[PDB]
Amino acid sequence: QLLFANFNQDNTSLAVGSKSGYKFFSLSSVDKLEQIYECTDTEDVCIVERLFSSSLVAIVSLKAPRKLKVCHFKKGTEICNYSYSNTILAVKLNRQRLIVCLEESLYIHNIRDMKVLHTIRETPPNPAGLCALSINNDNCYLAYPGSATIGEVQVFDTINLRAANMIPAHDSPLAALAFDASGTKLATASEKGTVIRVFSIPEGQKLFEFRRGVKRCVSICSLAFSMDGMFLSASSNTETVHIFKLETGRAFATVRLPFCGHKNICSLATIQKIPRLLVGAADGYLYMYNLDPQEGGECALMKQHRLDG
């Protein structure tokens, strides 16, 4: 049933897209996954991107994969839509900008009127829709791959509509990108998946380099900062999630998933005063683990909830 699961910008909302529509779940308690919204009028929803805890949502359906719909989900109204020359691979938004990622181009919209402010053309092919957008209005940067064969990151100022830097992050092509909440740090991983790096933004200085216990190569599918920027989680197509602590090389804490190979999305969220690792997995569950921010180590499972409600 499920096609999509993702967290909003401050980890207060979980979106689950399915063949029959989509749902939002709040993330403010532990005992139950509390559904706050369900839509059944749109089929095969492959992208659902909420703006924080507002009523604005951007939706893409497999029935019209080149069309972005911007809606007021509580009222159930379509505000406007936009169609692109190729399929939409990712949508990112903050309080000032909405970014649409195609394989070969990026569109930067003013979210106040949905006008296109700038189009980045002929990007290196980006079939994964890999990109990241800062949630901070003062450091409003977009990151996307500057090469399809080397791990270079283009950093683009979405307010002033100009390039800020290009960062040689990894030798192999990029696999994952994430901004911290301040917009001044960018976490990066390559297709080899052996090193997670953190760079300052826009200066591009390497600040941290983390090893995932070495070993073999993984396909990193998710990087996520905690809201205070002290912790960074990295998940993959394996059973291990690593959590790094950005104090002045190796994992500070780990979690062992009950599966090996499903794609998943992680986030670091504080719920009822306790920092937690949330894992939305393709097996249809949300897993919640308790993180000890002083001791680390292996994190215990607190709850697992069905993503379908």
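Quick note: we count residues from 1 along the sequence shown, nothing fancier.
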Look up the CA B-factors in the entry and say which stretch, 15 to 23 or 282 to 290, has the higher mean.
15 to 23
For the higher mean C-alpha B factor in the entry, choose 205 to 213 or 186 to 194.
205 to 213
Maximum C-alpha temperature factor, selected from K69, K63, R276, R66:
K63
Can you tell me which third, lowest, middle or highest, the CA B-factor of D138 falls into for its chain?
highest
Quick check for you: using the entry's CA B-factors within this chain, is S29 in the lowest, middle or highest third?
highest
Third of chain Cα B-factors occupied by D180:
lowest
Rank-wise, by C-alpha B-factor, drop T42 into the lowest, middle or highest third of its chain.
highest
If you rank every modelled residue in this chain by C-alpha B factor, which third holds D157: lowest, middle or highest?
lowest
